[PDB]
Each structure stands twice: as C-alpha cells, then as structure tokens.
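See below for the structure under consideration.
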There are 2 protein chains.
Amino acid sequence: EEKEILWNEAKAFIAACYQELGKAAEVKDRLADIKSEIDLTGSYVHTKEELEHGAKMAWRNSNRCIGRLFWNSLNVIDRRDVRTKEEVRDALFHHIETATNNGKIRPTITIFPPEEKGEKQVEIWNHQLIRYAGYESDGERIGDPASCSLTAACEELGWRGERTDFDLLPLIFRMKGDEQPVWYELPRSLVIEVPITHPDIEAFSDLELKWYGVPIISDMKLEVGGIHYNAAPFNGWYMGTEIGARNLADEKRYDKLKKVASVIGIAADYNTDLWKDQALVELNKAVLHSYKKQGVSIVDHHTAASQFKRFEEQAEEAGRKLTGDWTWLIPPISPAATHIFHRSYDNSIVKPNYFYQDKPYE
Amino acid sequence: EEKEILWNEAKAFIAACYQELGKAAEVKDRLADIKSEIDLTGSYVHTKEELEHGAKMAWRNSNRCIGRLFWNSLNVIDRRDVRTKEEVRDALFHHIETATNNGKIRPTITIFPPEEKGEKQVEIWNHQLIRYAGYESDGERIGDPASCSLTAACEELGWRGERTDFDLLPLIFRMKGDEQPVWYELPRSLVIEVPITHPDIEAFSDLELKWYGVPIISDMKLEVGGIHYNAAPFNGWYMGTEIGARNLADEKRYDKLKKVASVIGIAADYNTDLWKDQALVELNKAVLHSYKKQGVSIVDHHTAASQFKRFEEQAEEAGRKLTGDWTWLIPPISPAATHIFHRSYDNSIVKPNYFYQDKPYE
Ligand code: HEM
Ligand code: HEM
Ligand SMILES: Cc1cc(N)nc(CCc2cncc(CCN(C)C)c2)c1
Ligand SMILES: Cc1cc(N)nc(CCc2cncc(CCN(C)C)c2)c1
Ligand SMILES: C[C@H](O)[C@H](O)[C@H]1CNc2nc(N)[nH]c(=O)c2N1
Ligand SMILES: C[C@H](O)[C@H](O)[C@H]1CNc2nc(N)[nH]c(=O)c2N1
Ligand SMILES: [Cl-]
Ligand SMILES: [Cl-]
C-alpha cells in the first residue's frame, strides 16, 4: 500500500528531475534500483543530485512565494547524516551563520533525515529558527503574540524568557526515541538584528523597533518523490512588507501603527485621514532604509513583483505550467500597483513542494 | 423547456421573498397565478413589492460589493412602463438627478422592461451612465483608456468628443426594433463633478484632476426569479480607493502616480523609496477630502470595511449564508489593515443577483 504510493511518486519525480538535469537516459536504470530498494527496504534514498534538485523544484512549486525567480540558486545542505542532538544543534547554528553570510543573505535549506515508517527522526518545534517570544498574562501583552503558545511550551521545559518585547526563543527540537524535546539558547553573535530608523524622521528611533535579519521557516515538510523530509529549515531574505505591513503592523502582532502615527506627527483620530495608510507607508520605508543601511539583504514589494513577472516569463519559456496563490502573492500594501493584482493564477498543488504539518505543542 | 426553468426559478424566488416579507401564507395562491400566467403567456409579471425586494436581494447577494450593509434601503424606481426612447432618456436623466440628490447620494436602481423571448426591449450601451471618453490614435492618449471602444462606437454614430481628458460620454441605448442605438448629450447641470485638491498640499490643484460624483453601473443584468432585467442601472456612492487607487492611478487608466509624486515633492526614481505607495496615500487622501469639502457622499475603505463587518454579523443573525469574493472585497490600498484580508469568503453565486452581459460594441 505505502510502497505503492512511494514507488509511484518516485517514478514521477525521477522522470521529471532527470529530464530537467539532461539525464533522461539514466532514468530506467535508476528506476530499476529504486524498485528493488523499496521492495527490500520499504523505502529509497535520494542521490545528492536528486535531493538538491528536489528542494529547488519544491521552492519553484511554492504557490504562496513571490520570490521564486531565484529557485535554481538555492543552497542545499545535506545533513541526512546527523544522529545526535548535538549534531542537529550545530547544523542549525551553521545554517544561521551560512545563510546570514554577514548580511549578504544566501537562500539556504538544511535537510535532515526523512521520516521512516512515517516516524520522524528529528522534529523541530520552532516556527522559524530565529523568532521572538510572546507573553500574555492578566492584562499584560509582551513580545510577539504569534509566539505565545511556543513560548509557553518552552517555559514548561525549564527555559525562562527575560520578558523584553524581543526575547530570542531558544532552538527547540525532539529526537526520535526521546519523550521531550531539548532546547538551546541562540548565541547572540549568530543573530543579526536591524534597529528600525527612518531616512527623514529622526524621532522614529524613539519607537525602539527592531527585527531580525533572516526568516528561516523550520516547521514545514519538504516532500520529494514520496520521501517526507519533515525537518528541513529554509530561508530567503525578507520582502519589506512582511516586517513593516504585517509583523510590526497587525493588531494581533506588534500593533505599532498608532505609535508610528504619533512619531511621524499625524493625528490618528479619523478614518478619512488615512492615517493607518500613511503610517504603513512610513513604517515600510523605514524598514527598507534600515536593512539597507546595515547591509542586510532585503527586497521591496515592487522589485519583488518585477522579479516574479520574470519568473512567470521563464516558466512559459521552459514550457512549465505556472501555479500560484493570488491571495498570498499580492503584497499587503499597494497591491494594485503590481502586475500580480491584475491577473489570476492556478492554485493547483504540484510536487515536490513544502507543506504545513501539525504543531507538537498546541 | 424555458417555461420549466422560469417556473422553477419563480417558485424558489417567491417562496424566499415572501418569507422575508412576512407573507408566507400568500405564496401558494401567488404561485398558482404565476403557474397559469406562464402557461398562458410564456412569462410572468412581478408585483411592485416583489420587484423592489428582488432588487434589494440582488444587491445583498453581490459577492464583489463591500457596500452591502445598506442593501435594504435601496431606492427602487419601477420604469417597466416605458415604450419610447424619449421616455428612456428622461428616466435616465431622472435617475441621475434623484440619485445625486444635490450631493447626498441615494442608492437607486431604475428598472426598465425585462427581456421577453430573451428579446431585449431596451439595451443600454454605456458602462456607467456618467463616464469619461477615451481616445488613442497615433501615439496620442487622451481621456479614459477604459472608454476607448465605446467612445469609438459613439463617434461612429455621429457624436464628436471635444478631446479633453474628461469629455462626458453621451447616453447611448438601443430600442427593440431599431437597428442602431440613439445617443443624447448629458446636460451638464445634471452632473456633479469634484475637483481634486489636497488638504495640506496647495500645489495638488496643479494636476487639474477631477472626477464625477456618482458611479451608476448601467450594463449589468438584474435577474429576479427567472426574469431578466437586462436594463437596470444602479448606483451607490464611491469608496475613495475606486477613484484614488484605480481610476486615477492604474497605468491603463489615468496613470497619475508619477505626476502626483512630483507635486507632493518626492522623487520617483527608486522602488525602495516606496514613492508609488506614498503618492497613492496622498492621492487617496485628496480624493476623500475633496468629495467631503464639496458635500458629495463618499466612504473611505476603513469605514466601508467596518460597515461590511456589520453586514457579516447581520447575515449570521438573520440565519443567512454570507457569500463574497475576497479578491474584490479587499481594498487596493492597505488591505491587511482591514478584517476582510484576514478571513475567507464563500464565492458561491446566489440569486437574485446582478450579472455581466456581452457588450453590443466590441
Ligand atoms: C530569496 C528570497 C525570498 C523572498 C523575498 C521570498 C518572499 C516570500 C514572501 C513575502 C512570502 C509570504 C510570507 C508570509 O506572508 O508569511 C513567502 C512565502 C513562502 N516562501 Fe518565499 N521568499 C524567498 C525565498 C524562499 C525560499 C528560499 C523558499 C524555500 C526554499 C521559499 C518558500 C516559501 C514558502 C513555502 C512560502 C509559504 C510559507 C507559508 O505558507 O507560511 N521562499 N516568500
Ligand atoms: C452605497 C454605496 C456603495 C458602495 C460604497 C459600494 C462599494 C463597491 C465597490 C468599492 C465595488 C468594487 C467596484 C470595482 O472595483 O469596480 C463595488 C462593486 C459592486 N457593487 Fe457596490 N457599492 C455600493 C452600492 C451598490 C449598490 C446600490 C449596488 C446595486 C444595487 C451595488 C452592487 C455592486 C456590484 C454588482 C458590484 C460588482 C460590479 C462589477 O463586477 O463590476 N453596490 N461596490
Ligand atoms: C523562506 C522565507 C522567505 C521570506 N521572505 N519569508 C518567509 C516567511 C516569513 C514568515 C514565516 N512564517 C510565518 C509567517 C507568518 C505566518 N502566519 C501565517 C502563521 C511569516 C520565508
Ligand atoms: C453601484 C456601485 C457603487 C460603487 N461604489 N462603485 C461601483 C462601480 C464603479 C465601477 C463600475 N464599473 C466598472 C469599474 C471598473 C471596471 N473594470 C473592472 C471593467 C468601476 C458601482
Ligand atoms: C485578476 C484580478 O482578480 C483582478 O485584478 C481584480 C482583483 N480585485 C479587484 N477588486 C476590485 N474591487 N476591482 C477590480 O477591478 C479588481 N481586479
Ligand atoms: C484569510 C486570508 O487568505 C489571509 O488573510 C491571508 C491573505 N493573504 C496573505 N498573504 C500573505 N503573503 N501572508 C499572509 O499571512 C496572508 N494572509
Ligand atoms: Cl516573518
Ligand atoms: Cl468607477
């Protein structure tokens, strides 16, 4: 039953992967070995080339990602060899360091051993490798509300946050065979953060806003040819709106628009004044300015959309169907100023791809 | 075949309409009369009450409309009695006058005789009753590009535009039996226009922008209980973004963002400066300010979304399913600052409703 599904996924993947790599003549033999490996073992093992191209295809197929033009330059780190929590920890520290690259961010994925019988070898609890803690208790909100449930799980395991608005959560993951996950404080030297200032408005620094340099999603599953890599953290560089229009702006996140309005010297009393819109534009300008001043890679939503248009053009040129989720591709500010807003996209799921999975906390 | 479809639509509509009106006991008899009327005539005729409530239901069911909270206060004008082009013209002039209401806009629909054998009695060519002409010839763009095809059709019929950027198109419609439509110049006294100025930036008036007061969609079909009212123009008041973020901003419309950037004194050289976003916010502030100064009804997108939230709440309270098109309901600026962005909607089509129809030009 499962080896039927596996074998079928393998045939589809290997065929497509080898076509793209100019190695179609090797398919039959490779497929032969896989058939035997599955029969004899219940699974199969990707070559380094297959794993690398698979991760790249999965990014290429990610409907919700505007940044896909650069899919083929993804840096794939093969860590299927890790067996200990120390090795996992050091691999995660290494990912942070190499992806950060002193600010010139390298899109990277680190791939850990895949599920066996659907049994995870390693299970990463963090949503992103770098993220801020959040607390809520008796009227008091501190930090990132989105992190409240994971923060509480961490404090159940003996970690204690300082309760600033920007506590770095520890790395937290569980090894096969262990009942509880382990946690490790992030070395501050590894984590680039960017204080938010505004190019023109000197008072903006009074808000004492900052954000971290590199978004590293660590809780999605990479599926490649029937093999389930549930632990495979990946990163790009930020699009500014992610920070300025969502992380710092949403009422259910840092909720800073009223405070932004005050420091930029506009009233926040009347909807018709469009003060939220003005505050959003200034906050987003500040975010882009700040990352660039500090030499940390970032892209604005106009440039990103222009790049995505090139991705569309390349898909058609290569004779590949384009898939996308319009609702996620449009930027959260000035969406109609982008070409994305004015066309539609097929939201079909194509594999290899990255998928959500259930949180082991909650 | 057709009388089957008609009768079935009639049963569903009359049943629902009379439930809502507290007249469920009258359904059986009314349904009896309709059954006979269809058999004997091939069609049936709505009571004034049915027609009025039907138009209101159609608005309530319009998935792409954020303004639906006020569905039950729609002003329905029954003009099923018109037979001549003079009467149609005067009914259209009347709609403009009564809906405008000296600036305190009244949501209104005027309903003309419905299709018979699918044969239209009157066919309105205008997309909106008030709209600006557009011209393109040998490098030269003037006016509203969206109106180019209708403008060209009008000039085929002996009309000539002055070729300003804001020529009012004439009313243009065709009567049953006539090969060509007729056209009538709009009396300027009927048409309120609003010059666009900015509350703070005096130079904004140098752009010489203006827009008309009342959006009156005149080319959609109202379907009520199997009866097809192909000529039934309707209006609300504007949401500011329609004018400021789309009509005046789109590259394929008036394309004013670069000129806005210049008058507000910011550079339009770098994507990372978010100059388009800033220009959009200032243009949208100017639009709202200008309509309010002139005493013409308008709503900003924040207030409109708050009203739409109340519409959602009322639907659930009344035990009615809510339908909506997320892609049209989100405003084109700061969409994530509205609740709409953060939930989903069922885009199912429910009747009565308003529908697109093929343009007789093009
Ligand atoms: C190189 C720079 C990149 C940029 C600028 C970029 C941009 C974005 C943005 C703006 C989002 C929406 C995030 C949100 O609203 O939560 C997104 C989602 C996504 N990106 Fe990218 N991305 C990049 C690289 C990558 C890479 C390297 C991968 C994988 C190898 C990836 C896979 C995805 C996936 C799977 C999502 C959806 C995540 C979810 O559903 O929560 N992206 N991207
Ligand atoms: C009272 C004030 C109203 C406001 C503020 C409002 C708001 C809006 C907005 C912003 C749109 C999107 C238009 C576009 O992007 O092209 C829209 C679409 C629509 N509205 Fe409303 N509306 C109002 C009244 C009405 C009325 C009275 C009706 C009908 C009786 C109506 C039916 C519709 C329909 C059918 C659409 C979709 C049109 C299309 O597909 O092009 N609305 N509305
Ligand atoms: C790889 C990558 C690049 C990039 N520019 N951005 C992200 C995602 C940032 C991000 C990751 N995960 C969750 C949220 C908020 C998620 N909500 C929907 C739960 C944001 C990922
Ligand atoms: C009734 C009503 C109220 C309101 N506030 N707005 C509109 C629509 C304005 C409008 C009407 N028709 C076409 C466009 C642009 C349409 N493109 C998609 C073709 C805009 C209609
Ligand atoms: C292709 C895409 O659906 C298209 O740009 C839509 C998006 N949402 C919209 N929403 C509104 N209100 N009006 C529009 O014209 C559009 N255009
Ligand atoms: C319900 C709705 O789909 C939801 O708000 C989505 C909309 N589009 C989005 N787009 C991005 N990029 N990120 C998000 O978190 C969301 N949220
Ligand atoms: Cl993020
Ligand atoms: Cl309009």
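In what follows, chains carry the letters A, B, and so on, assigned in the order in which the sequence lines appear, proteins first and then strands, with residues in each chain numbered from 1.
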Original post:
Will you find, in the side chains of A:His342 and B:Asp250, an N or O donor that is under 3.5 Å from an N or O acceptor?
Top reply: no
Original post:
Quick one: do B:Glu282 and B:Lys285 make a salt bridge, cutoff under 4.0 Å?
Top reply: yes
Original post:
How far does CG of B:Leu283 sit from CD1 of B:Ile196, to the nearest 0.5 angstrom?
Top reply: 7.5 Å
Original post:
Would the number of heavy atoms belonging to other residues, nucleotides or ligands and lying under 6.0 Å from CD of B:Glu202 be above 12?
Top reply: no
**OP:** Assess whether atom CZ of B:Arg141 is packed by more than 12 heavy atoms of other residues, nucleotides or ligands within 6.0 Å.
**Re:** yes
Subject >> Mutual orientation of the aromatic rings belonging to B:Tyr345 and B:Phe308 [parallel < 30°, tilted 30-60°, perpendicular > 60°] >> reply: tilted
Subject >> Stepwise side chain to side chain donor-acceptor pair (under 3.5 Å) check, B:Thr164 with B:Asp167 >> reply: CA-CA 6 Å; B:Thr164 77; B:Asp167 295 343; 2.8 Å; yes
**OP:** Go through the steps for B:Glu242 and B:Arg253 under the test salt bridge (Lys or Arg N to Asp or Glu O under 4.0 Å), then give the verdict.
**Re:** CA-CA 12 Å; B:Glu242 296 178 78; B:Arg253 303 293 299 283; over 6 Å; no
**OP:** Verify the neighbour count for atom CG of B:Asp81: are there more than 12 heavy atoms of other residues, nucleotides or ligands below 6.0 Å?
**Re:** yes
**OP:** For the pair B:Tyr135 and B:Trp159, name the ring-plane relationship: parallel under 30°, tilted 30 to 60°, perpendicular over 60°.
**Re:** parallel
**OP:** Count the heavy atoms belonging to other residues, nucleotides or ligands that lie under 6.0 Å from CD of B:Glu251, then report whether that count exceeds 12.
**Re:** no
Original post:
Rounded to the nearest 0.5 Å, what separation is found between the CZ atom of B:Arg174 and the CD atom of B:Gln121?
Top reply: 10.0 Å
Subject >> With sequence neighbours excluded, residues passing side-chain contact (heavy atoms from CB on, under 4.5 Å) with B:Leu288 >> reply: A:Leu274, B:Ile298, B:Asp300
Original post:
Cut-off 3.5 Å, side chains only: do B:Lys292 and A:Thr272 have a donor facing an acceptor?
Top reply: yes
Original post:
What distance do B:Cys148 atom SG and B:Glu136 atom CD have between them, rounded to the nearest 0.5 Å?
Top reply: 6.5 Å
Subject >> Backbone N/O of B:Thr108 and side chain of B:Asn235: donor-acceptor pair under 3.5 Å >> reply: yes
Original post:
Hey, do the aromatic rings of B:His46 and B:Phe13 have their centres closer than 6.0 Å?
Top reply: yes
**OP:** Please say whether more than 12 non-hydrogen atoms of neighbouring residues, nucleotides or ligands are located less than 6.0 Å from CD in B:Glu97.
**Re:** no
Original post:
Can B:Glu362 and B:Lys359 be counted as an ion pair, charged N to O under 4.0 angstrom?
Top reply: yes
Original post:
Does a sphere of radius 6.0 Å around CZ in B:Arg310 hold more than 12 heavy atoms from other residues, nucleotides or ligands, not counting ones at 6.0 Å or beyond?
Top reply: no
**OP:** With rounding to the nearest 0.5 Å, note down the distance linking CG in B:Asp325 to OG in B:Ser348.
**Re:** 11.0 Å
With a 3.5 Å cut-off and sequence neighbours excluded, list the donor-acceptor pairs that the side chains of residues 207-227 of chain B form with protein atoms.
residue  : atom : partner  : partner atom : Å
B:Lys210 : NZ   : B:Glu193 : OE1          : 3.3
B:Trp211 : NE1  : B:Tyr238 : OH           : 3.0
B:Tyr212 : OH   : B:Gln128 : OE1          : 2.6
B:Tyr212 : OH   : B:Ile130 : O            : 3.4
B:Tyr212 : OH   : B:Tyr238 : OH           : 3.2
B:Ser218 : OG   : B:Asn126 : O            : 2.8
B:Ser218 : OG   : B:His127 : O            : 3.3
B:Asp219 : OD1  : B:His127 : ND1          : 3.2
B:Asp219 : OD2  : B:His127 : ND1          : 2.8
B:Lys221 : NZ   : B:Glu115 : OE2          : 2.8
B:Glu223 : OE1  : B:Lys351 : NZ           : 3.1
B:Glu223 : OE2  : B:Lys351 : NZ           : 2.8

Original post:
Would B:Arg60 and B:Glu20 satisfy salt bridge (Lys or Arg N to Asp or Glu O under 4.0 Å), going step by step from the backbone distance to the final call?
Top reply: CA-CA 13 Å; B:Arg60 192 177 72 203; B:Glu20 294 186 20; 2.8 Å; yes
Subject >> Rounded distance (nearest 0.5 Å) linking atom CD of B:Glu37 with atom CG of B:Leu6 >> reply: 9.5 Å
Original post:
Should we count OH of A:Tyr270 as having more than 12 external heavy atoms under 6.0 Å?
Top reply: no
Subject >> Nearest atoms (heavy-atom pairs only) where B:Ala245 meets B:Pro332 >> reply: CB-CG, 3.7 Å
Original post:
Going by atom types only, do B:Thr197 and B:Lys293 share a side-chain donor-acceptor pair under 3.5 Å?
Top reply: yes
Subject >> Residue B:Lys258 excluded, over 12 heavy atoms near NZ under 6.0 Å >> reply: no
**OP:** Applying side chain to side chain contact (heavy atoms under 4.5 Å, CB included), run through B:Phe70 and B:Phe311 and close with a yes or a no.
**Re:** CA-CA 8 Å; B:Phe70 306 113; B:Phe311 175 77; over 6 Å; no
Original post:
When the ring planes of A:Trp326 and B:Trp326 are compared, do they come out parallel, tilted or perpendicular, using 30° and 60° as the limits?
Top reply: perpendicular
Original post:
Under 3.5 Å, is there a donor-acceptor pair linking the side chains of B:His301 and B:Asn284?
Top reply: no
Original post:
How long is the gap from CD on B:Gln307 to OG1 on B:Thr303, to the nearest 0.5 Å?
Top reply: 6.5 Å
Original post:
Taking atom types as modelled and ignoring hydrogens, do the side chains of B:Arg106 and B:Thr98 form a donor-acceptor contact shorter than 3.5 angstrom?
Top reply: yes
**OP:** Would you check if there is a donor-acceptor pair between the side chains of B:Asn63 and B:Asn347 at a distance under 3.5 Å?
**Re:** yes
**OP:** Step by step, work out the side chain to side chain contact (heavy atoms under 4.5 Å, CB included) result for B:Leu92 and B:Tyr184.
**Re:** CA-CA 11 Å; B:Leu92 293 179; B:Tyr184 300 105; over 6 Å; no
